[PDB]
Each structure stands twice: as structure tokens, then as C-alpha cells.
Ligand SMILES: *[C@@H]1O[C@H](CO)[C@@H](O[C@@H]2O[C@H](CO)[C@@H](O)[C@H](O)[C@H]2NC(C)=O)[C@H](O)[C@H]1NC(C)=O
Ligand SMILES: *[C@@H]1O[C@H](CO)[C@@H](O)[C@H](O)[C@H]1NC(C)=O
Ligand SMILES: *[C@@H]1O[C@H](CO)[C@@H](O)[C@H](O)[C@H]1NC(C)=O
Ligand SMILES: *[C@@H]1O[C@H](CO)[C@@H](O)[C@H](O)[C@H]1NC(C)=O
Ligand SMILES: *[C@@H]1O[C@H](CO)[C@@H](O)[C@H](O)[C@H]1NC(C)=O
Ligand SMILES: *[C@@H]1O[C@H](CO)[C@@H](O)[C@H](O)[C@H]1NC(C)=O
Ligand SMILES: *[C@@H]1O[C@H](CO)[C@@H](O)[C@H](O)[C@H]1NC(C)=O
Ligand SMILES: *[C@@H]1O[C@H](CO)[C@@H](O)[C@H](O)[C@H]1NC(C)=O
């Protein structure tokens, strides 16, 4: 760490030591239910742009590997999560949405966009955590002479916000007069149809879109995945998987009176300090296992190759990554004498070290 | 605002004014010497035992080596400042057991063995006046091995890679140095700062001190009891003013407070996103694929590295200011205490 | 600009410490002038005769 | 006329605060110090001001050098005329040459050019497509304008941090010079100094 | 190239800041040395341990 | 009805997130009730639907549980899906669809593909009953606090915190609301929420003891 073959007399800081965890704690939920994707990916007719059936999905183990056997999407186009990590990362509530739009309208089902579907139909939010599945659909829902069952508002007065379903068959008109259905000059086409035909260009062909919103919250432990849960250990440095948060540390007895709705333990530095057990309700505490700095005390290499090691700021019983306890840590390799000399190598709060003849050895004194 | 009272001194061609009496007044001056020594680990602060973050941090070169070098230089400089101010005497002088120094009461500045850390009355008042911060320069992890009571501030500071080193000289050694300086100054005079300590009675030493400022030494010997009473009343007035008012040690209080709030801001900088999608590294690592999580981790690494460089630069500037004040305090200890000074307002 | 402010809010507390540093410099300048010039308890006046 | 530098510096978000003590109060403090050191000598800095004739103060100040006081009183017209010529030389040296006050000129110039550079830093693109923010908001969609805004924010934050660090270093230098000036006001004006070249 | 430019600019700015702080320390030491040359060499000093 | 007017008197706060903290001071960008605002003392004796602007403070001092249920909807004329909240004795009945007898329902206590239904514990629990309602991201949050008091003339002073009880994931679009007046006088307090930047003080437990309205006066701006 000094990039040299000869070190001089003094005290040097070299690295840091950290104790490694033994095993892991996995306490995933236990839901003995599964959800069928067959009733959401190949229904006979899906929806219009505003008739999108909100299939709210909760309390079922979801297998995310068999989705590729369904209708041919090119890629599992997600925003925020990668489509191989859903088997272990788990969410709180999944909403299923489905609508049929044009070819040059799929780009508005991205988080943050403007256009016609992004303004007059179901607009995805800018902070959207989920997956959108879309494909070309001139095989099933492409009945000729205009498929008028999938019919859309071309013009709308106001912005249609996310989760603001508008099933109104009413009229929008503006500018001079009340209209009451006079289609020519004033009371134009209220809610027209797409006219899905196979004679259209590929930029305007019908496209079926399936939207799954894998949202994230600090809510109580609802719907999760197929990860195999394990048992519990305590009072030692192990990894944990308490609900969704993970890390390492030592779990001790608590004396903080949590309110019955409060669960998590976020700190000043936005780390978790005291979190609730998901199954056997005991609201314990989190503290990380032992670490600190390590420093090497040596004379010159032209004198000797002996060293003394100072583990800074630990009680000297949790040492592994002569024994003397110091206010600045604990010292290994130096014998404490009941004498007093001038300070040669400074260590800590009044303790120094030197290389004296009292057999040559490294001694520590006040 | 008012600059002061208007005064018009009666100057004339042959008029002079000469004092006929005197007052002995003892003032107080407070000077900082050293601040808190800190050391910061880069890997636990920026990354927090993540291998992927360490691999992306290895490409940034050697910023952390020079950050550690700057912090170690500041930490050595603090011990040098304390040793330069206090450790000026060669031998630890001791006061004789008979406490008679011509009628002057030194019982509030001389130590007493009633308490384990042998400090005087005024030193005890000064140590109790500064409300210290957390400042975990002791074996702090023994208290945080078991999470008890509520969340502390030094403990969350420690858990993110920030470590406070203890000072080289303890408080009782500084009190021993101060007691040696008092025992030299009362007994020997200015002779112990120029060679061997030569004893002299305190009345004859104070006669030398009056002879140094242009007053004839017979004024002391004819007014010894009055001067001793004035000195005792001034010492009691300083003791009462320190016991009553708690707003005189503001420089040392600011020395504590600045190093508290710099570490608090360095801890609070970990909660920011810096343009990424999460402030927690594990959520970024578990949610996304390789390339996007590398982009988010690069954003977090740049933000945390910028905050750490800002902290190190602020510590270097404060260390320069503290070193200037420590040099001033060393000069004042060398000139006011170990001798008599002719520099006015010094 | 509202969008720039919402993007700047994600950068932490750099603005607060920059403002604190400049406030410290601004107070220190007045401390320097006061400790250099204001060295008299009373404002003395020269006699009318010169 | 035209747009001033100070108007643009004000408009960009930078404000210059006035000092607490106006120049009239500084002049009052200086005149009080001069009146004290003319009438009373050094006695106004050690307690109450005690009046004394100026020839007696000059005799004491010769006697502190190593020259006896009979040298003054037998030569008082010569010291008076030499001091009059020496103080009349100062206005001749200062009414024509303008290079003596270069330290105060540098104190003004550095704090002008730092604000000039920090204002000039606002026209840089820092890798974006335009330095004007409203063009970015009116020209692009949400995500791309957010990318350009992040680039501009990083550049302007770096410029502000560089300005603050340079001001901190200059404040340390100015404080060291102010401490030296306070020591010189204490020791040269309020008394007599035996220190050589001080 | 923009990434490399940002990294090298940051390293150069860090070097300039450390050189400025070192220059301030060296200037304080040089002022002390000039005072000691003016007082110890050019005269006799009454200040203790100066 | 009768529109008597009074003041807020330093109440209307709630826990913003379900995260425990203690002995810390925290600042939240949320939609709290402003301090010393203009609330209305409604006496229901003679009633169109009041607007739902970003949240309702809704409160009642009724001992005998006259105020029972609530209705929500955009048009509320059997044209939109709307919402129905029924506190049926020791149960809660929530319907996302509508029946719409008339403009004021007056259910006689003497549906086109409904989506969500709900049942739970009774909704209600010297009495100051407080429900803060809001609708953010399609979620209908419910806050509650049982407040024993000693003043029965207006809103009493002091400080108390409102705890969340039941969370709903549905509601879509709500811009009108109306209390229930089913007969088998009355008084209900209503206030309007606005976005604020409150700073909260936590005790040794997770109890909000004091708070400051950060835009009420320059002293509170200094405290922020
Ligand atoms: C010089 O001053 C001292 C006090 O500053 C004077 O001592 C006081 O004398 C009066 C009576 O003369 C007593 O009532 C006080 O108690 C004394 N004070 C102290 C502290 O001893 C002293 O008399 C003055 N001498 C002259 C010549 O004026
Ligand atoms: C999961 O375990 C808890 C208790 O350990 C039990 O109450 C619950 O019914 C279990 N869930 C299922 C789906 O069996
Ligand atoms: C989905 O259902 C339709 C009709 O029920 C069927 O034709 C189609 O093959 C199904 N999809 C798959 C992938 O089998
Ligand atoms: C921590 O160190 C102290 C000091 O020796 C000791 O008394 C105490 O037992 C230690 N704690 C342990 C070993 O848990
Ligand atoms: C000296 O002062 C006195 C009193 O003001 C005055 O009468 C006298 O004329 C002065 N001496 C001279 C030479 O002016
Ligand atoms: C002054 O000295 C006497 C000893 O003669 C001592 O008893 C007394 O306590 C001293 N005064 C103070 C304030 O300590
Ligand atoms: C509330 O609004 C009414 C409207 O006229 C007004 O008279 C009353 O003073 C207001 N109350 C306040 C501001 O406390
Ligand atoms: C915190 O909770 C405990 C246990 O209920 C209680 O004894 C204590 O008084 C509470 N402290 C408060 C409310 O400040």
C-alpha cells in the first residue's frame, strides 16, 4: 500500500476489516395460490381504448417464465424492472390492462409521452414501474370492412389522466352554438371508430397491448413470487430478506414501541434500523456486524521485519476478519510494560510503541 | 448604531494628569487549538460492501488515496498543534505543600486531588461549560453492538464508514502540563523558561514585575495587602462570571458544532438520488439489468464522490484556520506566561 | 423554471452549504473591520486650539 | 446608455451586501484614534486618557529610543520643520503616482472578475444543445429536455462550487491581513514598538 | 471523449485547489521567516522563545 | 343548510408515511390542512354536493352517531360509476357502482359489472371525530383519530395526530361528496386540503407532538 520495498519507522493505515456473514435469512410470504395468464393474454375480444378491463391481481404466486409461450411479443418490454428478476423481487399489487391501438401508437404506452393515446386515452404515468406487452394483431381481431368494436375518441376537451377511465358516449363540441347531434357544421363525430382492416399500411395496423403494472410500495406483504422461503436465526451477523429489504447485520431485542400501522425503520441516511417480522410478529432491531480500521505498527525494514497490528475502535473480542486493550482499539504483537519513556511511535490516547532490547521485541507503554 | 460616548480631553500647553492609585484587573482570553480528527473509508461510504460498485469505482483512478492522505495529514497536524501549544516545559514542576505566596489566593487555579482527573475549579467549570457533541473517539462499537434505546447520531455516523480517532494526549496529561506551567510561574518566575528554575519569593517577583512596567518597586511593598485583595477579588469575579454566564466559550462551541454538522451533512448526502431511480444500491442492483444498473451506480458514485471531495476541502480550510489559531495560542503561551510582554494589547 | 427546480432538488443539500459558506464569509468581513478599527471605548475629540 | 455589468450581475441571481460600518463611522473611529494619540499619548490605550503637552510626549518617545530628552528640547524647531516637510511630501507622492494602492486595487479587481467569470459561465452549453433553458423546454419532450437540464445543472453547480471555494481561500488571506492590521493598530498607534522593521 | 474530459478536468481542478492551500501555508511560513530575519538578525529581541 | 364560519385552530395533521421514526425532525412535501384556515360549521337542517378539491378534512362532533355514511362521484346522476360508502352497523359496505335514488339519496332505513366490494370492522371506532380523506394515484386514503375533548362549542385547541386505518385501491375520478342524512339537529365540520411543506416533531415514540405551518408567517419560515 506504500508501493515500495522498504518502509520507514512509524504507524501506517493499510486496509479495513469486515466480518463475513455465515448464512442467510429468507422470510418470503407463503401464498398457496397461482394466477392464470390464459385468461388475460388470449381473450376472444380484449377491449376498446376506454373499455380496458382492470384485472387487479393479488394473492397468487406468479410464474414469469411461461409468458413467452403465449401471443408473440418480440420482447417483454418493461420499464423499471428487468424481465428475469421478477422471480425473486416481488411487488405489492399488479393491475392488468388491455387495449387495441394502431401501429404508430405503441410509443405512447411508454412512461412520458404526448400524442393521441397519451392525451385522449389511457396515458401511462411518467413514474411507471411495470411491463407493457404489445404485438401486431392482424390474425384474430382484424375482422374486415372495419372492426368498429375497437372505437376511439379522436378529439377530447381535457387531458385523460392515468387511471381516469372515460366510458362516456356523450358529445364534445365547441365554438359557436349548441349542437344536439347535427353532424355537419358544429356537432362533429363524437366517438368514432378505428376501422381495422387488413388493407391498411403496417404503420396503421391494429396492435393488441397488454399492460401489467408491477408497482412498488411499503404496504403490508401482499402478492409475491415463487421463491423458496427459509427459517430464522438471530443474534449473529447474517444476511436477511425481511419482506423486500435486504442486507446484513445483527438482530437484537428491541425497546421501541412501534405504532400498529408503522412497519419499516428508515434512518437519517435512509437505511433500515428497526423492521417488523412478517410472519411471527416481533418488531426487532437491525445493527450491522463488526468492522473497523486496521493499522500496522513497524520499525524500519533495515532494523527488523516484526510488526504490531492495531485494530482501530473495537472491543478486542470480535477481532477476526499478545493482546492489549487500548482506548484507540486493541493491539496485537506488542507487550505492555509498566514503564514510561519518550513517545517513539504514536498509537492512541497516551499509548506509544517502540523497538527496545527488553531479546528484541515491540513494546507498548504510556 | 452608536460608536461610543463622546469625550473631550482637556489638552493644554502646560497641563498634565498623573494617576494616584491603581486597580489590578484579570481578564480572560479563549483560543482554539485542535479540532476533531476523522478518517473516512471510501468503499463503505460510496458502495457499502457491494462488489459491483467496487468494480465500477476502481475505474475512477486514485481519488480515494489522496482523500485518505489529506485526512491523515489533518489528523497528524492536530496532534502537532496540541503538542506545540502545551508541551513547552521540560520538567513537571510541583508546588510546595505550604500554600502561602505573599497573600495571593491561587487555590482556584491550582489542582486538587479530590477528583481522579486532577483539574482545578476553573478548569472544571470550563470543561462543564462546553456541551460536547457525540464525538465517538472512545470504544463506540461496544455501545452499538446491541441496538438499545433509540437511534443515536455517532452510531449512524460510524455505520457508514466515518471514524473519529482519539487525540494523542489525554485531558489529564494536558492538565498535568498546565499544572507544571503554573508551578513554574508561581515559584520561579520567568527564569524557568530560559534555563534552570531559580526560586524567588512571590513578593519580590511581583516587585520585579512592577519594576518592568515603569513603577518603582517600593509601591508594591507599601501596598501589598491591597494588591493581594484586588487580585483575590478579581479571581472571584472571574469564577462568578463563569458560573453565571454560559456564553463566553463560543469559539470552542463553534469548533464542536462545525465538525458535528459537517459529518451530519456527509451522512445526509447518502439519501439523495443524484438523478438515479433509487438511493439504495440493492434496489438498483436487483431491479435492473447489467447496463442500466451500471448507469445508475455510476450516477450514485459520481454524487457521493463529489460530496466526499467537498467535505475534504472544507476540512482542509478549517484545519488551516485552526493551525493559525494554534500558532497564535503557542506564541501567547510563550510570551505572556513564560515572561513579561511589552507589546500593548497583547 | 419549475422543472429545473424539481431536477435540482434531487441533488441533495449542496445549495444549503454553499449559502452557509458565503454567509460565514460575509459575517467574517464585518468582524475583520470591527476588530481592526473599533479599538477605542470613547470617541475622543481634538481641542479647538491647534 | 447600455446594459451595465452590475445590472446583469444583479439580474443573474447575485446580490452584493453593504458593509455594517459606513465610511463616515470608519472616519470617526480614525479621527478618535488620532485625537487620542495626539493629546494623551499612549495612555488612552492602557486605561483613561491622561493629557500631556506634545513636546513632553515627544521627549518620552525620544527617551524610549536611547536618545536623552535634552536633544529634543534644544532642537524642537528642527524636528518640527522636518516633520512638516515629511508630511508635506506625502501629498506630493500620492497626488501624482497612482501605483501605491495596488493592494486595495487588487482587492477590488479580484472580486469584480470573479463575478464576471461566474456570470460568463451561464452562456456555456456543457454538452447540451443550447445554453438557454426556455429553448430546451419549448423545443423537446419530457425525457430529452430532462437530459439537457441535468447537463446544465451539473455544469452550473460545478461553476458555483468553484466560485465558493475560491472565495473561501481569498477570505482566509484577507483575514490574515486583517489580523496583521489589527496588531499594527494595537502596537504602533496605541504605543511604541521596539521590534525592528515593525 | 466527454467522459474522459470530465475526469481529467476534475483531476486538474483538484490539483489546483491543493496547490492553492499549500501556497497559503508556505506564504504564512515565509511571512514568519521574514519577521524572524527582521527581528533576530537585524536587531535584538526581547520576546521569550522567539 | 346553515353556514356558520370558524377557524381551524392548529389541527389537521396526519402521519404521511407508514415508516417509524423517533426523536427526529422531518419535513414532508404533502397535502396537509393549513393552520388557522377557514372551515365551515355546517348545520344540516334544510343540500347540493360540495366539490372534492384535493382532499377533505371532514369532521363531526356528534355523540349519537347521526353522521353515518358518505357518497362520492363525478356527476352522481346515475351516469358515472361513482362511489358508495355504507357504514352498515358493525360493518362497512363499499360499492364502486351506484343506485342513485335522487340527488340526495336518503336510503330507506326505517349493477352493470361492479368491480370491487369490501367488508371489514365498523368504521366509527367529549368527542371530536376526525376523518381526513384524499385521493392520490387512484388510492382512497382514510385517516382517523378518536379525540376525547372537553369543549362543545367549536373546534378545540391543542394538538393530536391522525392515524391511517383502511386503504382502498379504487375510486378513479371523484370531484363531489356528500354526507349521509338517513333518518330513522346535526353538525359536520369540513375543510379543504392544499399542498404544504410541514415540518414534524417526533417524541421518544412515533407520536407527532408539535408541527409548524411552514408558510403561515415568517417566524415559521425561519423555523423551517
Ligand atoms: C486606592 O483604591 C483602593 C480600592 O481600589 C482603596 O481601598 C478602599 O478604601 C476604602 C476607604 O478608603 C474602603 O472602604 C474600601 O473597602 C477599600 N477597597 C479595597 C479593595 O481595599 C484605597 O483607599 C485607594 N487609595 C487611595 C490613596 O486613594
Ligand atoms: C402463512 O403463515 C401464517 C402463519 O405463519 C398463516 O397464518 C397463514 O395462513 C399462512 N398462509 C397461507 C396462505 O397458508
Ligand atoms: C388462446 O385462445 C385462442 C382461442 O381460445 C386459441 O386459438 C389460441 O391458440 C390460444 N393461445 C395459445 C398460445 O394457445
Ligand atoms: C468491552 O471493553 C471493556 C473494556 O475492557 C470490557 O470491560 C467489556 O467487557 C467489553 N465488552 C465485551 C467484551 O463484550
Ligand atoms: C499655550 O496654551 C495656552 C492656553 O491655551 C495659551 O494661552 C498660550 O498662548 C499657548 N502658547 C502659545 C505659544 O501659543
Ligand atoms: C483564600 O485562601 C484561604 C486560605 O487562607 C482559603 O481558605 C479560601 O478558600 C481561599 N478563597 C477561595 C475563594 O478559595
Ligand atoms: C372566512 O371567509 C368569510 C367569507 O366572507 C370571511 O367573512 C371570514 O372573515 C373568513 N374567516 C377568516 C379569514 O378567518
Ligand atoms: C412512549 O410509549 C410508552 C409505552 O406506551 C409510554 O410509557 C411513554 O409515555 C411514551 N412516551 C411519550 C408518549 O412521549
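Residue numbering: from 1, along the chain as shown.
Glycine is no exception: its Cβ is also placed from the backbone N, Cα and C atoms.
Residue A:60 (disulfide bond) counts 15 other C-beta atoms within 10 Å of its own C-beta, drawing on all protein chains shown. Feature annotation from Swiss-Prot assigns disulfide bond to A:35-A:60 (among others).
In the three-state DSSP scheme, residue A:131 (disulfide bond) falls into the strand class. Non-local neighbourhood of residue A:131 (disulfide bond): A:76, A:77, A:78, A:79, A:81, A:83, A:211, A:212, A:214, each in the same chain, at least six residues away, with C-beta under 8 Å from its C-beta. Annotation source Swiss-Prot lists disulfide bond at A:78-A:131 (among others).
Classification of residue A:224 (disulfide bond) by DSSP places it in coil, neither helical nor stranded. Among the features that Swiss-Prot reports, disulfide bond is placed at A:90-A:224 (among others), with the record citing experimental evidence.
Note on residue A:187 (disulfide bond): other Cβ atoms within 10 Å of its Cβ, all shown chains, come to 16. Look at Swiss-Prot and you will find A:179-A:187 (among others) tagged as disulfide bond, backed by experimental evidence.
Among the features that Swiss-Prot reports, disulfide bond is placed at A:237-A:289 (among others), with the record citing experimental evidence. Take the CB of residue A:289 (disulfide bond) and look out to 10 A: across all protein chains shown you find 16 other CB atoms.
Annotated disulfide bond per Swiss-Prot: A:316-A:330 (among others), in sequence order, evidence recorded as experimental evidence. Secondary structure at residue A:316 (disulfide bond), taken from DSSP and collapsed to helix, strand or coil, is coil.
As annotated by Swiss-Prot, disulfide bond applies to A:343-A:352 (among others). Within 10 Å of the C-beta atom of residue A:343 (disulfide bond) sit 17 other C-beta atoms, taking all shown protein chains into account.
According to Swiss-Prot, the feature O-linked glycosylation site maps to A:22 (among others), an assignment based on experimental evidence. For residue A:22 (O-linked glycosylation site), applying a Cβ distance below 8 Å and a minimum sequence separation of six or more within one chain yields A:236, A:237, A:238. DSSP classifies residue A:22 (O-linked glycosylation site) as coil under the three-state reduction.
Same-chain residues at least 6 positions away in sequence with a Cβ under 8 Å from that of residue A:24 (O-linked glycosylation site) are, in sequence order, A:230, A:238, A:239, A:240, A:241. Summarising the annotation, Swiss-Prot assigns O-linked glycosylation site to A:24 (among others).
Residue A:30 (N-linked glycosylation site) falls within neither a helix nor a strand when secondary structure is assigned with DSSP, and so counts as coil. Within 10 Å of the C-beta of residue A:30 (N-linked glycosylation site) there are 11 other C-beta atoms, taking all protein chains into account. Annotation source Swiss-Prot lists N-linked glycosylation site at A:30 (among others).
Within 10 Å of the Cβ of residue A:42 (N-linked glycosylation site) there are 12 other Cβ atoms, across all protein chains. Residues annotated as N-linked glycosylation site in Swiss-Prot, with experimental evidence given as evidence: A:42 (among others).
Among the features that Swiss-Prot reports, N-linked glycosylation site is placed at A:302 (among others). The Cβ of residue A:302 (N-linked glycosylation site) has A:6 as same-chain neighbours under 8 Å, each 6 or more residues away in sequence.
Positions annotated as N-linked glycosylation site by Swiss-Prot, on the basis of experimental evidence: A:315 (among others). The Cβ of residue A:315 (N-linked glycosylation site) has A:325, A:330 as same-chain neighbours under 8 Å, each 6 or more residues away in sequence.
A sphere of 10 angstroms centred on the C-beta of residue A:338 (N-linked glycosylation site) encloses 6 other C-beta atoms. Residues annotated as N-linked glycosylation site in Swiss-Prot: A:338 (among others).
As annotated by Swiss-Prot, O-linked glycosylation site applies to A:357 (among others). Within 10 Å of the C-beta atom of residue A:357 (O-linked glycosylation site) sit 7 other C-beta atoms, taking all shown protein chains into account.
The region 'Disordered' annotation in Swiss-Prot covers A:18-34 (among others).
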Practice problem: Could you tell me which of the recorded positions A:22, A:30, A:60, A:302, A:315, A:330 sit with their CB under 8 A from some CB of chain B, listed in sequence order (or 'none')? | Solution: A:315
Practice problem: Consider the recorded positions A:30, A:42, A:90, A:316, A:343 and say which one has the Cα lying nearest the Cα of residue A:357 (O-linked glycosylation site). | Solution: A:343
Quiz item: Based on Cα coordinates, which of the following recorded positions are within 10 Å of residue A:30 (N-linked glycosylation site): A:224, A:316, A:338, A:352?
Solution: A:224
Practice problem: Pop the Cα-Cα gap between residue A:289 (disulfide bond) and residue A:90 (disulfide bond) into the table, whole Å please. | Solution: 27
Exercise. Indicate whether residue A:352 (disulfide bond) is helix, strand or coil by DSSP.
Key: strand
Self-check item: Closest of A:179, A:224, A:289, A:316 to residue A:35 (disulfide bond), Cα positions, disulfide-bonded residues only
Solution: A:224
Quiz item: Counting distance between Cα atoms, which of the recorded positions A:42, A:60, A:224, A:338, A:352 is nearest residue A:179 (disulfide bond)?
Solution: A:42
Quiz item: For residue A:352 (disulfide bond), which of the recorded positions A:60, A:224, A:338 has the nearest Cα in space?
Solution: A:338
Quiz item: In Å, rounded, how far does the Cα of residue A:187 (disulfide bond) sit from the Cα of residue A:338 (N-linked glycosylation site)?
Solution: 104
Exercise. Provide the list of recorded positions among A:24, A:60, A:90, A:315, A:357 whose C-beta sits under 8 Å from chain E at the C-beta level, in sequence order; use 'none' for an empty result.
Key: none
Quiz item: Which recorded positions (A:42, A:224, A:316, A:343) fall within 10 Å of residue A:60 (disulfide bond) by Cα distance?
Solution: A:224
